[PDB]
Amino acid sequence: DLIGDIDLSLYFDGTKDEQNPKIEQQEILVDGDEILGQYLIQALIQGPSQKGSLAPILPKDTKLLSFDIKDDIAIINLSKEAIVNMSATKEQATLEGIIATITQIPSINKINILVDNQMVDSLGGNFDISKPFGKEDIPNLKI
Amino acid sequence: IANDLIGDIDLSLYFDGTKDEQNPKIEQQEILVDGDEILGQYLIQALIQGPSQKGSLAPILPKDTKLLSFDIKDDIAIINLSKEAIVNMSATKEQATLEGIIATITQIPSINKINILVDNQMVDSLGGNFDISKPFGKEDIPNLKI
Amino acid sequence: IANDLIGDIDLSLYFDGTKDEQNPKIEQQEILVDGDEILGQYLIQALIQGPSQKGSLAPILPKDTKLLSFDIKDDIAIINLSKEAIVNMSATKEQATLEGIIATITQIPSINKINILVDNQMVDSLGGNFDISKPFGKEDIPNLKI
Amino acid sequence: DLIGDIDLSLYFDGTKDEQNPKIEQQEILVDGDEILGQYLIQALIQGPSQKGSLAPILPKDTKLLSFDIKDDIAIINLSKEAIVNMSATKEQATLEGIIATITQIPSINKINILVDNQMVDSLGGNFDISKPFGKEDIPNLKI
Ligand SMILES: [Mg+2]
Ligand SMILES: [Mg+2]
């Protein structure tokens, strides 16, 4: 029950002489799980339906820099906008929301949040996000 | 649109990233494999190996020749060979060599000319009868005779 | 439908077909370039060259190791190495080596297992701690410990 | 005024285990001139319109084994069915017809007819087709 590795081609600008515009392919190999996970994180950042009563878990201006799956860990690389001052209850909902959403992909059991391609102590908040973590690890990461 | 035969392939090389002797770990190092360069490189290697002994064709480069590097700059194939490629040749044999390399390499659409180098440097000639000081295509061969 | 990354490319090698010393002539000799084999071969060569000195990663194979041949039989990559690949290694280092080769090679969709050979022959182990007597994939590594 | 080199893929049978049928690509590189020339020779073999008064130049059962362009020579490889007993006038029309048709491709100035991948003395007839020839060479090849 999956998509598996996907052969995709990206066309970038391969023009040098500027007389004739030309595009060249760059092939990439990704498993469906990264594409799906990436879509999910992007969906969380977009926020809940305005027709509902739910509240967002990440700032609207947050940008997903990259998403990668190393073994059973989802490396979620966010921009600086994700770091804001939050209450311990709100920050805990954010981390539980990301985990509950991402762990829907069976291959993923833990998440490792990074900011600007670098490791960070916390998004909010009172939670330590220095290393990878799963649902079980949340209460133990309070500071 | 570019007519590259295979095009770039963005992949990873997994090397040893171990710290804790308890858990072996591998980390990626990116490699942008340029398909036309790997294909071209394979073709030149194939020419150096020579024709099948089961056929009647003759070699175009010495067997001990070694391909130092192969790179594609725009539409030019920089074929960097070792010193063994430079030997005494007749004008008819040397012309077949240059035409053979061109005919083989120009199969890669992105390539229209070749620039042969020896030991990462420029050379006047392989055999003695043709000037390979600058890049050249099929059309340029008769004009390079010396 | 097959998911070969590059697939076969049917081309020609132009060698010297001259008879009349007056007219230099080149004749074709066909070459079926198997793209996945040339890519795989390039990747293994890249692993042997080692990681960038500008990084922190460590090599997985000795630098003097030489790739004798690389072939793809069905979904198995036959990686034929020279005697230099066999050295004394710790079980953690040897495991990283095998996982690194697999992780690198299995990027080519057509490959699911690797069969390492030394000097065109079968071998029990590279480092001493793992059995590489038969073909193996990622899943099979823990079961091959000796 | 041409088509130039054309990157084409042929899908053949790459199944071995017979459980899952699989096709694999074989890439080929041909210039438009060979494809066009090949089409023209195939059109000549099919013959003239039945609604006209023209007669065929090659037997209907003739099969084109291969068509290749070496420099300015069109190597037209036909099957054994092309060799039949012909009058010198009919055979001359055949050779002139093939040449007039093929030389429409500017890159071609001569033709080299082969039968079953091998060299042949004549198709009909009184004409020597042992080597490559153009329009000018026809009268000189009578035997
Ligand atoms: Mg390039
Ligand atoms: Mg194959």
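Within every chain, numbering begins at 1; the chains are lettered A, B, ... in the order of the sequence lines, protein sequences first and strands thereafter. We count ligands from 1, going down the list as the structure has it; atoms in each ligand are counted the same way. Side chains included, hydrogens not; waters and symmetry mates left out as well; all remaining heavy atoms used.
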Step by step, work out the side chain to side chain contact (heavy atoms under 4.5 Å, CB included) result for C/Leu68 and C/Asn120. CA-CA 8 Å; C/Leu68 299 175; C/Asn120 204 5; 5.8 Å; no
Sequence neighbours excluded - side-chain hydrogen bond (donor to acceptor under 3.5 Å, both in side chains) pairs with any residue from residues 133-146 of chain C: none
Protein N, O or S atoms less than 2.8 Å from the Mg ion (ligand 2), ignoring waters?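 Result, waters dropped: C/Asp34 OD2.
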Under 3.5 Å, is there a donor-acceptor pair between the side chain of [X] and the main chain of [Y]?
X	Y	value
C/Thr97	C/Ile60	yes
B/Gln29	C/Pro51	no
A/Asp13	A/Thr15	yes

Between the side chains of C/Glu27 and B/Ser56, is a donor N or O closer than 3.5 angstrom to an acceptor N or O? no
